[PDB]
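Next comes just one chain, in structure tokens: the form deposited in one PDB entry.
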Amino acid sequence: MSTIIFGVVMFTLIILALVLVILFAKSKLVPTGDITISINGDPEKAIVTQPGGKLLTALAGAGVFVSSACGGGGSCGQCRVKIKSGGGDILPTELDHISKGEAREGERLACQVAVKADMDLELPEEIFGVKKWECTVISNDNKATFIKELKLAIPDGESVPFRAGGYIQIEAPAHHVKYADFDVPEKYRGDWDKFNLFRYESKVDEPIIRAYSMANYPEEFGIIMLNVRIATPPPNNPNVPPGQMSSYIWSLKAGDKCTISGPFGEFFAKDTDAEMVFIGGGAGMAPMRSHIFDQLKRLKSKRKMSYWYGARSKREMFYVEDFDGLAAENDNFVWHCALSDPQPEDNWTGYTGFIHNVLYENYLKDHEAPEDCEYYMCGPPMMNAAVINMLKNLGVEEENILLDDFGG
């Protein structure tokens, strides 16, 4: 019986002694003071926190997200920053997004770097102009069968500094919506009722955030507008609900309250004298219109330009009253469209099929030097792949091909 008491006492004493030793070691070794991080060398805008964790936690408090688009996964790879001080090394998990030359330059992923010690940060191009806004929906109408044109107002007539082809951050609250409530008109309703898309619904129990592209150029003062496509589920597994944010945006109307922030972008046009070729399809109309308007109205350039658009049907296209007017007011622009689904009621006499084949067979096959042109791209991933292959076979290197892929 005594052995039981001895065992209990010795077990407890041994465990307690080990715990106390480890606690004393921790108290003596690990530091407990606060640490500081600096930005661009300024004595202002510094951040002081307790050591440990990722740098994203510290930067989120001040609102400097640097376009961080996710808390995990990291498929985008947008979360890179140049760290100036001799901090921790670049971990093996960052080389997929950061090249060796960039690592030699000090580029690091904010989501992985540990901030247990003081460090110095530099942010390119002085992005400190990023701000959040309270906005009012001006109009949220539809121009086609599956896309909607969102317009936003900036109070007091102010104008957000940006460059053509950029995107913005957009947030939504918890909500539930059903597709039967949308304002699809009769001409577009003919396709919705075929699949009975009104049957679908979606919800989320917490607020969400996403990034979307803008559809106006700098001298379109005072407003921000976007083009959004519906996100219906695939037909093979229709039990799943549609997309959340697109459905949310499709619900609002004139005068509704909304909030945006974070104007970012890397799809900016280059400043050379070479020809510009714009190839687009479907929902990508926004940045294409932005660039086309910018180069022709604000900069008033004399560079050769052309826009090739891939549609579905004669009722799927929009902004022709703008593109035809541009083609007439400026002789340096030309517009062409091809569609894959010409119904008998269209009696279409123009180009048909996928836009890449039309472009190759009508313009590029006889082009004097296609490698000298600059190609700006946006559209469905598979059509992007087709276009990129066609351009590869023409000897166009990557430096002259630019793309801003929706959804990565």
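We call the rigid core the largest set of C-alpha positions that still match within 1.5 Å between the two forms. One rule holds for the numbers: they count along the sequence shown, beginning at 1.
Beyond the structure shown, there is the form deposited in another entry, which is absent from this document and is the topic of what follows.
Superposing the rigid core between the shown form and the other one leaves a single residue from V64, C373, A58, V358 with a C-alpha shift of at least 2 Å: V64.
Put the two forms on the same core and the Cα of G74 is off by 2 Å or more between the shown form and the other one. Contraction of the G72-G166 CA spacing by 3 Å or more is recorded in that other deposited form, set against this form.
Pairwise change in that other deposited form: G71 and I170 C-alpha atoms lie closer than in the shown form, at least 3 Å.
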